[PDB]
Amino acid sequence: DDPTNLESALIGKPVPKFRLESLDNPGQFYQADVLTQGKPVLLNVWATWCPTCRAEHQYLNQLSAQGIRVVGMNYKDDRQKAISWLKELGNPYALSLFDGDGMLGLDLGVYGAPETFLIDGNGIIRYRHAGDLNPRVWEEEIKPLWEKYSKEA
């Protein structure tokens, strides 16, 4: 029927509202609208304290380079560390929101990381996977959803 588990929260509803500064370019702020752009996007919860986050990063670059749109959700992290991080490993993201308060994660039902949402063009959350992004997950679970909500263009 309808899944009742905490990983199924927000499935089928609009991204929570927020206002967060960009980690990449200080001074610039963003809101739910940035994830509501008429095309599907991936939102990827990450932080320097997240132990499996490095393990998923290079495949994050790979998708980013084939035109899969990815927005960073830097979760309760240390600003300077996060910067140093993106610098050594590469920057896959359109931008990372600096959720240094943890408010947005909290709004999204996030506990620990990394985690990846597929949000459609209308800002609606369609899928949520806890754990590392990799070619299996992509090919099996996410790719069909990305095509589904891209063809709605």
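Numbers for residues come from their place in the sequence shown, where the first is 1.
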{"query": "Entry-level comparison of average CA B-factors, 126-134 and 141-149, reporting the higher stretch", "finding": "141-149"}
{"query": "Per the entry, higher mean C-alpha B factor between 81-89 and 111-119", "finding": "81-89"}
{"query": "Highest-ranked of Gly100, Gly38, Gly67, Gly27 once sorted by CA temperature factor in the record", "finding": "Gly100"}
{"query": "Top Cα B factor in the deposited entry, candidates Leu106, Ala32, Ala47, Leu42", "finding": "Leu106"}
